[PDB]
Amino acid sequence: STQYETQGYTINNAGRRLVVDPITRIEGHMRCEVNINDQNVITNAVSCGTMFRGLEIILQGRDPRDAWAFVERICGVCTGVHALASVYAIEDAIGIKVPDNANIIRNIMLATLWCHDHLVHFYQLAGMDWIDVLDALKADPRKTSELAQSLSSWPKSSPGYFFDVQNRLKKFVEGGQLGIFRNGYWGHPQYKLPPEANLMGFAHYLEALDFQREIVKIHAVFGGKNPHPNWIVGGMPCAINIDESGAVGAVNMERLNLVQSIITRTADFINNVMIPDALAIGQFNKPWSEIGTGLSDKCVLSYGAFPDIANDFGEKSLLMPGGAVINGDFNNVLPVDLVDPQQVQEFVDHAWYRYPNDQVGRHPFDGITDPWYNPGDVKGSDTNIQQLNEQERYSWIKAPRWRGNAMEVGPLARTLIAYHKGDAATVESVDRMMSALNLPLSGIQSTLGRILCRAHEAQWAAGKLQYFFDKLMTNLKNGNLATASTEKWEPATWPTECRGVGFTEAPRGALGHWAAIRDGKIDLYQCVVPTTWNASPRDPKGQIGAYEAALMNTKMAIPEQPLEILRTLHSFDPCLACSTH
């Protein structure tokens, strides 16, 4: 057993080893291992992506116009975000400028995704870490009504409603078929909600499972379907016709009316169900504002997103700020350049990939994706891993670094970047939110903080949805209908050789696609995805990524039941298919 120091942590693989495989209530396949000391405190944490598909290999030789459709299938949870990054990358490479309405509709597609994804994460993925569903059976329906009405104006609060929800759960359990609730962590001492808050939470779990289906109707109108809507290089294919023959065949006033109706309902659900629930989880779990800090007080990264000026990806255009903090210096938000070879690099010394020199990091334009399953000296065998060997290669996830630094990405990262750049809305949201909880600002740099920032981002995005929709309608009032530029649709118009970067802020953090086009075909296509950053394995210096760092130093009440590990991992919203692609 060895010990070394990195980023303020003492990585120590003495003591009991615990394995959580599978990690559930995530997208895709993850394994996590830890070592705990004699006080049941984590002294070593190992993040492992347990899947790979090889989209970067598959994309070679494809028509650049087709690329979005392939890379969209990196992920059905963050569905659309990879299509957006792809059309951005291809447009950047060829030099295509899209019409304003295409840009606005793309922003609507992204905002819609932020709302949907964040909502489903809060309830269906992270929720059962905080809500003791089975304890809801002990709640008083009237006291549940009282609690709900104390927290929100949301209509659905009657005693009889909560009784009906409770009764439905009771009869469900009575069947002796607990389904998705079977063999959970119910009764664990870290469940702190009173029964009434558990019943309220569970009711909201169900309401959110229902409501989330409506949000993506916006994707259906502009993009055909959800999951996996359609896009084009040059804009969007959803041609607009308001006042001419054949408007029945296009985005018309009736289609726009449907979109408006969904926007209003989406804002209302998020503002009156999710936001109060997140604050309530905060109130009953304040100690988790001091757990799972990880890299969030050290190194955070955002590329920025939502260009409000069409075809302008600069700081004055992006509504979601970009920037990097390193060394815990939040007074110096540094600019990010995705073409600079000394900035974003990926290492594979601790990953299942071949490089000519695994001691160096490769910028994505020099990226290599050559799979090499070699887990080394595991406890077990190559096909029966009892314990990964984190001293060697232990993941299908590459290790991204920014100027050699290990970074956290995602809602909390974005909140901290915007806050420290002096975004007024963000400072106000964060101050008021932490005030309501009677916690210091530093409490946001935590597992609880990740959850609170995500919730607030859903509110932010629901607001932006209306703003974008209103900008679309303003263009239509002015007779500006264009949704595609076709000037450079034909391969004959393209440079023989060119390369481009497409970047955005996906629900889980900073996303980039790096594309090289040669002779009308994809020559290279490299993706670095938010969960790649967060779930990263170690690098040649032994530096740990965001997950490993957040898990370090964490107390477990009951080693056999990994509730604390789940809480922290889930707070990052892991997307493993994304991470590996």
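For every residue, the number given is its place in the sequence shown, counted from 1. Between two forms, the rigid core is defined as the largest C-alpha subset superposing within 1.5 Å.
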#### Entry: Core-aligned Cα RMS comparison in 4 other deposited structures of this protein - stretch that moves more, 167 to 175 or 140 to 148
167 to 175
### Query
Relative to the presented form, and with the rigid core used for superposition, do the C-alpha atoms of 275 to 283 or of 376 to 384 deviate more in 4 other deposited structures of this protein?
376 to 384
### Task
Averaging the C-alpha B factors as listed in the entry, name the stretch that ends up higher: 461 to 469 or 114 to 122.
461 to 469
### Message
Can you tell me whether 132 to 140 has a higher mean C-alpha B factor than 254 to 262 in this record, or the other way round?
### Response
132 to 140
### Task
Determine which member of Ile232, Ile180, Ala506, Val348 has the highest CA B-factor, using the values in the deposited entry.
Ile180
#### Entry: From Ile108, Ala83, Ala208, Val378, residue of greatest CA B-factor
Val378
### Task
Please place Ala14 in the lowest, middle or highest third of its chain by C-alpha B factor as given in the entry.
highest
### Task
Divide the modelled residues of the chain into thirds by Cα B-factor and specify which third, lowest, middle or highest, holds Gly520.
middle
### Task
Pull the Cα B-factor of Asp243 out of the PDB entry and bin it into the chain's lowest, middle or highest third.
highest
### Query
Is the Cα B-factor recorded for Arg450 in the lowest, middle or highest third of its chain?
middle
#### Entry: Modelled-residue ranking by C-alpha temperature factor, third containing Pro540
highest
